[PDB]
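Next comes just one chain, in structure tokens: the form deposited in one PDB entry.
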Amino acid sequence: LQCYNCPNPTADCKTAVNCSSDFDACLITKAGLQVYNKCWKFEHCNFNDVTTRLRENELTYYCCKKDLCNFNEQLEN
């Protein structure tokens, strides 16, 4: 399950990379103008398992089951 992972929440990250094991759902969150592109599990794909791990509250999140599915262009702005 490959997934994108940048060192900062920017809206122009085009670097793909394997997210090791422990990941079955790419995650593309967009809390306003910050785009969080990190790998995530499907069991934790809810409106709380992602707002608690990141320690945040206002934000979005779309899980994907395809290698490199988070490329800034799935749920729209």
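Each residue number is its position in the shown sequence, starting from 1.
There is another form of the same protein, the form solved in complex with a partner chain; it is not shown, and what comes next is about it.
J.: So, in the deposited bound form, is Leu54 in contact with its partner chain at a 4.5 angstroms heavy atom limit?
T.: Judged by the heavy-atom cut-off of 4.5 Å, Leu54 is well away from its partner chain in the deposited bound form.
J.: Within a 4.5 Å heavy atom cut-off, is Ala31 in contact with its partner chain in the deposited bound form?
T.: Although its partner chain is absent here, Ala31 would stay clear of it in the deposited bound form, with no heavy atoms inside 4.5 Å.
J.: Can you work out whether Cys19 and its partner chain are in contact in the deposited bound form, taking contact to mean some heavy atom pair no more than 4.5 Å apart?
T.: Output for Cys19 is no: heavy atoms all beyond 4.5 Å of its partner chain.
J.: Hey, in the deposited bound form, does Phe23 get a heavy atom within 4.5 angstroms of its partner chain?
T.: Close contact is absent here: in the deposited bound form, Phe23 is far from its partner chain, nothing within 4.5 Å, heavy atoms only.
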